[PDB]
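Chain by chain, the residues:
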Amino acid sequence: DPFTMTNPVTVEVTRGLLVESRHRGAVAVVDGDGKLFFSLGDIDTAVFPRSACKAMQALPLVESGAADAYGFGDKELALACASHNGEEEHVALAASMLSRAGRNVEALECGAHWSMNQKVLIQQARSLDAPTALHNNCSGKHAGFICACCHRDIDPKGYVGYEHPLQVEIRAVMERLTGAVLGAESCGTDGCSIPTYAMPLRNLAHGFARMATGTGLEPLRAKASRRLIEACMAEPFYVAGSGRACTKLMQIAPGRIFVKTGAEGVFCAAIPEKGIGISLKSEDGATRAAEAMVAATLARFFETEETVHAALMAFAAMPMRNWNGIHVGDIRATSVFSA
Amino acid sequence: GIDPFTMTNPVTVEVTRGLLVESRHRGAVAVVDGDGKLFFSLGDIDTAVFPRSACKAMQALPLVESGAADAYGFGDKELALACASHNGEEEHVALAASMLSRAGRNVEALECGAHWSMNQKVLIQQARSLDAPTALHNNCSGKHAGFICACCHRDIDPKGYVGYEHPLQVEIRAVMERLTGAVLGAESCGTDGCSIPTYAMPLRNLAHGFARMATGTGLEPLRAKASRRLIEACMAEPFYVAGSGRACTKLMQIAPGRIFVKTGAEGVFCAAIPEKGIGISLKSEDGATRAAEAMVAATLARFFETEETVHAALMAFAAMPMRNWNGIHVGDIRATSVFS
Ligand SMILES: [Cl-]
Ligand SMILES: [Cl-]
Ligand SMILES: [Cl-]
Ligand SMILES: [Cl-]
Ligand SMILES: [Zn+2]
Ligand SMILES: [Zn+2]
C-alpha cells in the first residue's frame, strides 16, 4: 500500500536555548517549462491555495478588457490581486473600481470583517461602528470580478456561484495555468464565499511560473499575466498594506520578486527574471511559518546579491521580543532551505 | 539505561474545508493521577515543553502560602485573577489595580509591560476607550499583582521581582520543583512574555504537578490547602481566569466546580478533575491555540462519557464549525480519533 511521507520540520520557534514549537510543511519551486528546481515535503497531495492565487483569478478583469475600459492602473490591478488590510486607501480604491462599473458596495457578495492587522484594526475601531464589505481583504478581487462582469454585460448577481459564468471562466483559466484538474470534488468555499480549488503544490508553482514567464500561454493571457504580476510588484502596498509581509517582501528588490500569502499558511511567489514560480504550505496553517518559508526559499535564488539575500534572511530568521522589548527567542526556517 | 525511542507526534487535530483536510496539527497529551501513575497519553510526553501561562496556578502559591491573600482580604476573584491570562477587560484591570493598592502599590510596581487584548472584541473596546494599554491590561497583570502582594506582605522589596535570583523567583522554583518533580534551572529556562522565567519540563511532570495540586497527594498541609484554594477559586470565578469569549472560562462553565483548565501561550493546556484525581497537560507541536483547545476538550471528554450532557458540551469544543464572513459553514476543526 502506498502512503504519503511525513512533511519535514521547516520552521522552528525557540525560547531560551530550546525549540519551543515546530512547523512542518512543503515547498515546490518550478520553472516556466515545468521542471522542478527544488522541493521539500509533499508537493503532490492537493492543497487549498486560498488567497495565494488571487492574481490568477484577476485574469478575467484584464483579459475581458474591463481594466482598460475603466482606466485601471497598477494600483487597481494590485488591489484585484490583494488580501488587503482594509486601510482607507484600499477601501477607497475598491469603491472607485465598483463605481466605474456603475455599482457600489451593495454589489459585493463577500461579507465584511474587521482587519486582521492589529494596528489597522485599532484605526478601524476608532473610526467605524462596523466594517463594510469594502473592508474585506478580498474586496478588490471582488470589485475586479464585478467589473469583469459589467464590462461584458454579464449580470454580476450570484457571481460567487459555482456555475456563474465568472466561476466557469476562472476554472478554465486556472486549469490552463496550472494543469490541475479543478472540479467539485476538490472544491471548498473560501472566506469570501467563492470556490477555492485544492491542487498539488507542484501545479500551483507551475502556474505561477507560467504567469511569470509566459511559457505555454496564448498571447493575450501571457500579456495579461505580465500586467498583473508587474502591477503587484509596482504597488505592493495595495497587495497587503502597512506592516504586512507581502508588501515588505516586495520592497526588498523592487520590481523583481512577486509574493502572495494565502490563508492557512500558503504562499505563492515568482521571480520573473529567473523564470521561477514557488508555492508552499505550512502543514498546520500558521502564517508565521509560511512567511519564514517563503523568505528562505526566495533567498536560495539571491545568494550572490548580498543586500537582497540579507534582507530575505531577516524574514527567514526573525527575533521575537516580549512586551518589554526583551529578546526571548527566534522564528527560523530550518537548514533544509540552505542545503 | 539506553536512550528512549524518538517519536513523531500524532495528528491530533484536523481542520477541514469542503471535503478535504486543509490543515493538520500534531501534539502530545499526558494524563497522570494524584499518585503519579500515567492514566493516558499520546505523543512525546517526556521531552521538555515550556508551560508558559498554563502553570500560573502553581506560581500563585506564594500569594496564598505567604499569608498575603488573607492579610489583604482577598477572595476567589483575586485568587482567580492571580491564576489568569485575562482579556484585559475593565473588571480585570480594576481588580489588578486594587490588589496592588491594598498592598500599598500601584501600576508602576508592575514589571510585565503593556499589550492590547488578544481577544478581538475586547481589543475593539480597548481601542475605542484608551489611547494605549497599560501594564494593568497585560494578561499577566493579576499574576504579577499577586507576586507584588506576596513580596509586600513579607517586606520583600518587589523591585526586580522578575529577576532570576529575586527571592520570589527562588521561591517559585522551589514550589514548582516540589509539585512537578522536574529539575528547574537556567539551562531549561527562558523568559516569558511578561519577563519572568518560564521553565521547560516534560508534559508528564506538568500533569503530575496538577494532579498533586488537585488531590493534595504528596503535599504538606499548607501547600495542599493553598492549592485547593487556588483551584477552587478558578472554578468559582472562571471569568477572572480568562474572560468573555474565552475557552478557559467556557470550559469551566460546563460542569461548575468540577473541571479546572488553563491555557498557555504556544498551544499548551493544563487541566485537572479533582474528584477523579486527574491532572492533564498537553501541547500542540506547532503552538496553535485552536489545536490545544480541541485537544483539551477531547481529553476531558474521555472522563465524562457516562455524563451525557457534560460529554456533549465538551464535544462541541472538540469539534467546532468554522463559518466564513457571510455566515456560511466552510469546514470544521476536529480532534482526531486518537482521543477515542
Ligand atoms: Cl473561512
Ligand atoms: Cl493560455
Ligand atoms: Cl514573548
Ligand atoms: Cl509540599
Ligand atoms: Zn477571497
Ligand atoms: Zn506571564
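Method of determination, as annotated in the archive: X-ray crystallography, at 1.30 Å resolution.

Trainee: Explain the overall build of chain A to me, please; I cannot follow it from the model alone.
Mentor: The number of helices and strands found in chain A is 13 helices and twelve strands. For 339 residues, the compact-globule estimate of 2.2 N^0.38 gives 20 Å, and chain A sits close to it at 19 Å. When the 339 residues of chain A are sorted by exposure, 63% land in the buried category. Contacts spanning at least 24 positions in sequence make up 64% of the contacts within chain A whose residues lie at least 6 apart. Within the structure as shown, chain A displays about 12,200 Å² of accessible surface, and the carbon and sulfur contribution to it stands at 53%. When the 32 basic and 36 acidic side-chain charges of chain A are each reduced to a single mean position, those positions are 3 Å apart.

Trainee: Would you take a moment to explain the overall build of chain B for this structure?
Mentor: Counting its regular elements, chain B contains 13 helices and twelve strands. Here the C-alpha radius of gyration of chain B, 19 Å, is about what a compact globule of 340 residues would show, namely 20 Å. With respect to the three principal axes, the spread of C-alpha positions in chain B is 60 × 55 × 35 Å. Out of the 340 residues belonging to chain B, those deemed buried represent 63%. Within the structure as shown, chain B displays about 12,500 Å² of accessible surface, and the carbon and sulfur contribution to it stands at 52%. Taken together, the 32 basic and 36 acidic charged side chains of chain B have centroids lying 3 Å from each other.

Trainee: Quick question: what am I supposed to make of the coordination of the zinc ion (ligand 5) here?
Mentor: The textbook angles at a metal center are 109.5 degrees for a tetrahedron of four donors and 90 or 180 degrees for an octahedron of six. Residues and elements named next belong to chain A. Protein-derived ligands of the zinc ion (ligand 5) are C138 (SG), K141 (NZ) and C192 (SG), with the metal-ligand distances lying across 2.3 to 2.4 Å. In the primary sequence, the donor residues of the zinc ion (ligand 5) line up as C-x2-K-x50-C. Placement of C138 in the loop between α6 (118-127) and α7 (139-151) and of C192 in the loop between β5 (187-189) and β6 (195-197) is noted, with a sequence separation of 54 residues between them. Considered together, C138 and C192 belong to a single accessibility category, that of buried residues.

Trainee: Can you help me understand the interface of chain B and chain A in this one?
Mentor: Interface size is commonly expressed as the accessible surface area that is lost when the partners come together. The interface of chain B with chain A comprises 48 residues on the first partner and 48 residues on the second. On the chain B side of the contact with chain A, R17(B), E22(B) and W325(B) bury the most area, a combined 16% of that side's loss. Our count for the contact surface shared by chain B and chain A stands at six salt bridges. Here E283(A) ties to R26(B) by a salt bridge, and the two come within 2.9 Å at their closest N and O atoms. Run the count over chain B and chain A and you get 34 residue pairs in polar contact. When contributions to the side of chain B that touches chain A are tallied by element, the ones reaching two or more residues are β2 (20-33), α6 (120-129) and β5 (189-191) of chain B. Looking at the side of chain B that touches chain A element by element, the count peaks at six residues for β2(B). Of the residues in the side of chain B that touches chain A, the class split is 15 nonpolar, 18 polar and 15 charged.

Trainee: Sorry if this is basic, but what is going on with the UniProt feature "binding site: Mg(2+)" (unreviewed entry) in chain A here?
Mentor: Residues and elements named next belong to chain A. UniProt records the feature "binding site: Mg(2+)" (unreviewed entry) at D153, using the numbering of this structure. As for its position among the elements, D153 is in the loop between α7 and α8 (165-178). Looking at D153, the relative accessible area reads 72%, which means it is exposed.

Trainee: Could you clarify how one ought to interpret empty space enclosed by the protein in this entry?
Mentor: A water-sized probe, rolled over the atoms, reveals where empty space remains. On inspection of all chains with the given rule, the structure shows two cavities of 30 Å³ or more. By volume, the largest cavity amounts to about 50 Å³. Taken together, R22(A), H23(A), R24(A), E283(A), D284(A), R24(B), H25(B), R26(B), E285(B) and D286(B) make up the lining of the largest cavity. Here the residues of the lining of the largest cavity sort into no nonpolar, two polar and eight charged. Volume-wise, the second largest cavity comes out at about 30 Å³. The wall of the second largest cavity is formed by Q59(B), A60(B), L63(B), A82(B), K143(B), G146(B) and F147(B). Residue contributions to the lining of the second largest cavity peak at three residues, all from helix α7 (residues 141-153) of chain B. A class-by-class count of the residues in the lining of the second largest cavity yields four nonpolar, two polar and one charged.

Trainee: Is there a simple way to explain the packing of aromatic side chains in this structure?
Mentor: Working definition: an aromatic ring pair is given by the centre-to-centre distance plus the angle between the planes. What the rule picks out here adds up to eleven aromatic pairs over all chains. A ring pair is formed by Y70(A) and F72(A), whose centres lie 5.9 Å apart and whose planes are at 50°; its orientation type is tilted. Cation over ring: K274(A) sits above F302(A), and NZ or CZ is 5.3 Å from the ring centre. If you follow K276(B) out to its NZ or CZ, it ends over the ring of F304(B), 5.7 Å from the centre.

Trainee: Would you mind showing me how to read the coordination of the zinc ion (ligand 6) here?
Mentor: All names here are of chain B. At the metal site, the zinc ion (ligand 6) is ligated by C140 (SG), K143 (NZ) and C194 (SG), and these contacts range over 2.2 to 2.3 Å. Mapping the donors of the zinc ion (ligand 6) onto the primary sequence yields the spacing C-x2-K-x50-C. Here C194 lies in the loop between β5 and β6 (197-199) and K143 lies in helix α7, a separation of 51 residues in the sequence. Judged by relative accessible area, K143 falls into the buried class, the value being 1%.

Trainee: Would you mind going over the UniProt feature "binding site: Zn(2+) 2" (unreviewed entry) in chain B with me for this structure?
Mentor: Residues and elements named next belong to chain B. Here the UniProt-annotated "binding site: Zn(2+) 2" (unreviewed entry) positions come out as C140 and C194. A compact arrangement is adopted by the annotated residues: their sequence extent is 55 residues, whereas the largest C-alpha distance between any two is 6.7 Å. On the accessibility criterion, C140 (4% relative accessible area) is buried. Setting aside residues no more than four positions away along its own chain, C140 makes contact with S53, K56, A84 and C194. We classify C194 as buried; its relative accessible area is 1%. Discounting chain neighbours no more than four positions away, the residues touching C194 are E111, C112, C140, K143, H144 and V162.

Trainee: Mind showing me how you'd approach the UniProt feature "binding site: Zn(2+) 1" (unreviewed entry) in chain A here?
Mentor: Per the UniProt entry, the sites bearing "binding site: Zn(2+) 1" (unreviewed entry) are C138(A), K141(A), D190(A) and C192(A) in this numbering. Relative to the helices and strands, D190(A) resides in the loop between β5 and β6. Apart from the residues lying within four places of it in its own chain, the contact partners of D190(A) are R50(A), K141(A), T196(A), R17(B), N324(B) and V330(B). With residues up to four places along the chain from it excluded, the contact list for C192(A) reads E109(A), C110(A), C138(A), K141(A), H142(A) and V160(A).

Trainee: How should I be thinking about α8(A) in this particular structure?
Mentor: In an α-helix there are 3.6 residues to a turn, and that puts residues three or four apart on one side. End to end, α8(A) covers 20 Å across 14 residues, agreeing with the expected 20 Å (1.5 Å per residue, within 8%). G179(A) occupies a position one or two residues after α8(A) and carries a positive phi of about 75°.

Cut-offs and rules
The residue numbers you see begin from 1 on each chain and track the sequence as written, which may not match the entry, and residues missing coordinates are not shown. Written order determines the labels here, with chains lettered from A and ligands numbered from 1. Computation of side-chain values covers all heavy atoms of the structure but excludes hydrogens and water. By the criteria applied, helices consist of DSSP H or I runs no shorter than four residues and strands consist of E runs no shorter than two, each listed in order from the N terminus. In this description the radius of gyration comes from C-alpha coordinates, and the expected globular size is given by 2.2 Å times residues to the power 0.38. Relative accessibility under 20% of the residue-type maximum defines a buried residue, over 50% an exposed one, and the middle range a partly exposed one, all with a 1.4 Å probe and only protein chains included. Contact between two residues is taken to exist if any of their heavy atoms lie within 4.5 Å; hydrogens are not considered. Per-residue and other accessible areas were derived by the Shrake-Rupley procedure at a 1.4 Å probe size, with only the shown protein chains allowed to occlude residues. Charge counting treats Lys and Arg as positive and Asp and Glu as negative, with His and both chain ends excluded. A single reference atom marks each charge: NZ on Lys, CZ on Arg, CG on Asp, CD on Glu. Note that water is not among the atoms used; donors are N, O and S atoms within 2.8 Å of the metal (3.2 Å for Na, K and Ca), so sites may look incomplete. For any pair of parts, buried area is found by adding up, for both, the accessible area (1.4 Å probe) each one loses once the two are put together. Counted as salt bridges are all cases of a side-chain nitrogen of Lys or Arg within 4 Å of a carboxyl oxygen of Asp or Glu. Polar contact is defined as a pair of N or O atoms within 3.5 Å, subject to the rule that within protein one atom must be able to donate a hydrogen and the other to accept it, and that residues adjacent in sequence are counted only when both atoms are side-chain atoms. Put simply, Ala, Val, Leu, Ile, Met, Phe, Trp, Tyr, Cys and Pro go in the nonpolar bin, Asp, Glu, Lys and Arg in the charged bin, and everything else, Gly too, in the polar bin. UniProt positions are given in the numbering used here, feature names are shortened, and annotations may be inferred rather than shown by experiment. Cavities and pockets are found on a 1 Å grid laid over the protein atoms alone: a cavity is a set of points where a 1.4 Å probe fits but cannot escape, a pocket is an open set with protein on both sides within 12 Å along at least five of seven lines, and a lining residue has an atom within 4 Å of such a point. Grid points are joined across faces, edges and corners, and a volume is the space filled by probe spheres set on the points. Put simply, two rings from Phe, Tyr or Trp (the six-membered ring, in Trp's case) pair if the centres are within 6.5 Å, and we call them stacked under 30 degrees between planes, edge-to-face over 60, tilted for the rest. We call a charge positioned over a ring when the NZ of a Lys or the CZ of an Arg lies within 6 Å of the ring centre and within 35 degrees of the ring normal. Given the number of residues in a helix, its expected span is that number minus one, multiplied by 1.5 Å.

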